[PDB]
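Here the protein sequences line up with chains A and B, keeping their order. Following full-length UniProt numbering, the numbering of the first sequence begins with 1 at its first residue and continues without gaps. Following full-length UniProt numbering, the numbering of the second sequence begins with 1 at its first residue and continues without gaps. Just so it is clear, CB atoms sit at the ideal spot from N, CA and C, and this is done for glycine as well. Report on the following structure.
There are 2 protein chains.
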Amino acid sequence: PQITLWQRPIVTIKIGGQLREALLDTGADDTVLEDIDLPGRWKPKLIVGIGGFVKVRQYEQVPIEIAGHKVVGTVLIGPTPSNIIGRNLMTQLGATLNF
Amino acid sequence: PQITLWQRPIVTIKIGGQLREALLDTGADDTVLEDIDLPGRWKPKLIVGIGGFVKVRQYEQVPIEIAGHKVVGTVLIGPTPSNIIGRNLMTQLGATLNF
Ligand SMILES: CC(C)CN(C[C@@H](O)[C@H](Cc1ccccc1)NC(=O)O[C@H]1CO[C@H]2OCC[C@H]21)S(=O)(=O)c1ccc(N)cc1
């Protein structure tokens, strides 16, 4: 799809058998979700956003469906005021910005 | 232009006679710059953000050139780890996300 930016670019995701929404975020290097259970091993990571800092769990090689497209990559779990799909996974969709 | 997202989508901006770079950020509702003097009146705002809160100055009807395109809108000034161009101004460029 093509979408314009008059509203937030929110898409449906499926991860670990649960359905959520997330914002396609070209300003985010990494994908960060809050409201989700992932199984298995993970590593502590701190990420830095406008408001300071947030401490996250890094899950590697996570299967995720984004607007219908299956991909695998890194997902960070931690407090974020909005679930975010970052460029790590947008590149897998061949996403572009156009103007 | 069309750009891909393997690298951060950074563009050149000109504002208030000052040249800067900024990230094109579809996850940001508003444009937020740190490293910049604007003249005139402004209002306090809190914007929220991944690691919490930031206190910003809101400047209205600010002339800004983004990748060569002249627009006017709202610019927030305050601490941000990265200058970001939000949807308030990308809609003025007719920007779209495509996949
Ligand atoms: C500030 C950016 C360089 C970085 N961020 C992405 C950014 O798109 C966030 C993404 C975002 C979105 C909603 C809430 C928190 C963070 N948007 C944001 O801070 O925008 C603010 C300015 O406009 C307002 O509208 C949204 C909040 C305000 S971030 O959230 O800090 C971030 C940083 C690193 C990663 N991996 C993922 C996210």
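Asked: Between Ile-10(B), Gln-2(B), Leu-5(B), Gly-17(B), which lies nearest to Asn-83(B) when the distance is taken from Cα to Cα?; Found: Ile-10(B)
Asked: Quick check: the stretch 85 to 94 of chain B against the stretch 38 to 45 of chain B, are at least 3 beta-carbon pairs closer than 8 Å?; Found: no
Asked: Opposite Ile-64(A) in the DSSP bridges: which residues?; Found: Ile-15(A), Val-71(A)
Asked: Along the beta strand (DSSP E) that carries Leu-46(A), what are the first and last residues, could you check?; Found: 43 to 47
Asked: Rounded to whole angstroms, what is the Cα-Cα separation between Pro-79(A) and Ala-28(A)?; Found: 15 Å
Asked: Please report whether the beta-carbon of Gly-52(B) lies at a distance below 9 Å from any beta-carbon of chain A.; Found: yes
Asked: May I ask you to check if the CB of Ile-85(B) is nearer than 8 Å to at least one heavy atom of ligand 1?; Found: no
Asked: Taking the beta carbon of residue 103(B) as the centre, do at least 16 other beta carbons fall within 10 Å, making it buried, or is it exposed?; Found: This structure gives no information on residue 103(B), because the portion of chain B shown stretches from 1 to 99.
Asked: Are the CB atoms of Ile-13(B) and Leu-19(B) within a distance shorter than 9 Å?; Found: yes
Asked: What do you get for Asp-35(B), buried or exposed, if any count of 16 or more other CB atoms within 10 angstroms of its CB means buried?; Found: exposed
Asked: CA-CA distance, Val-71(A) and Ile-47(A)?; Found: 22 Å
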